[PDB]
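This document opens with one chain alone, in structure tokens, the form deposited without the named molecule.
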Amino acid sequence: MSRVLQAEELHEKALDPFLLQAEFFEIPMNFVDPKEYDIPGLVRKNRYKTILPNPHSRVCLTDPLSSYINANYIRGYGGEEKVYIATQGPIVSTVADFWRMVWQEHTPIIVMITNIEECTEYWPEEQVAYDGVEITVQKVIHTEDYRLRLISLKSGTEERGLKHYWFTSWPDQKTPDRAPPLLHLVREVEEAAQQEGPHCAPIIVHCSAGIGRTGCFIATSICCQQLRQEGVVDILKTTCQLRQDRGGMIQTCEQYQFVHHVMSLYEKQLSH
């Protein structure tokens, strides 16, 4: 499943919703059959009983229930392993598991994708601790597109930095005029990620279920690298690769079209 798009075809493709829905609904969701998991009490760890992590790519935490989190490693451009972790928005019973993941994985960046005009609560006012991890919001930076929290993680003698991006402009209508802020976020996060240097440090992305908006953000990030390196984008193949890693990535046709609007916008920016 591949449809390589040149500049001119990308601009027209983004504006053809009939072709987009034809292509998008041909892509298998690759959801996990719940029988795959036979763990009593697992449904307490899942925000949706049918949105489960594919086993081959699931993030295993350091008792089968205590090692479980609804989260998957996602490959990046070129198939690079563990560039991202896509995860559900933490629930009350998983907030501690979430921060254990952040520390265990050495995650330097969290990206939370919400709409302020209308996904969870787990970051502290000043300080809170979970399973031996002290979170400290040290600074807050408000922009038009997102709020950036600079966070200090302290678990014993060791201290780590963390950047939490709270995107607030996820649109109800996925029209081209709502694309620039997503593209800005993607570009800011990949520059911040490059400042971490050579290090296997997955970027955590989430909202509610960890597949829809999360898949748009990761697919856009991947295709931006593809456009810069190859001069083309293959959103179909990228979406296929994402679904291999986590079932359901990019849930709706309007989300799929939105990636096309964002990439069409970016290609114009790169030509000018």
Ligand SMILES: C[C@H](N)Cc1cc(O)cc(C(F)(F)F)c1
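All residue numbers refer to positions in the sequence shown, first residue = 1.
Keep in mind the form solved in complex with the named molecule is missing from the figure; the text below concerns it.
Should this chain be marked open or blocked when the named molecule, placed as in the bound PDB entry by superposing the nearby C-alphas, has its atoms checked against backbone and C-beta atoms at 2.4 Å, with 3 or more hits meaning blocked?
After superposition, the named molecule sits free of the main chain and C-betas, so open.
Tell me, yes or no, whether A193 is in contact with the named molecule in the bound PDB entry, where a contact means a heavy atom of each within 4.5 Å.
Yes, contact at 4.5 Å.
Whether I203 contacts the named molecule in the bound PDB entry should be assessed with a 4.5 Å heavy atom distance threshold; does it?
Result yes; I203 sits at the interface with the named molecule in the bound PDB entry.
Report whether the minimum heavy atom distance between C119 and the named molecule in the bound PDB entry is within 4.5 Å.
Residue-level check for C119: no, no contact with the named molecule.
Can you work out whether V189 and the named molecule are in contact in the bound PDB entry, taking contact to mean some heavy atom pair no more than 4.5 Å apart?
It does: once the named molecule is placed as it appears in the bound PDB entry, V189 has a heavy atom within 4.5 Å of it.
Taking a heavy atom within 4.5 Å as contact, would all three of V83, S221 and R228 count as contacting the named molecule in the bound PDB entry?
All three within 4.5 Å in the bound PDB entry.
Specify the contacting stretch among 154 to 162, 125 to 133, 96 to 104, 83 to 91, defined as having any heavy atom within 4.5 Å of the named molecule in the bound PDB entry.
That would be stretch 83 to 91.
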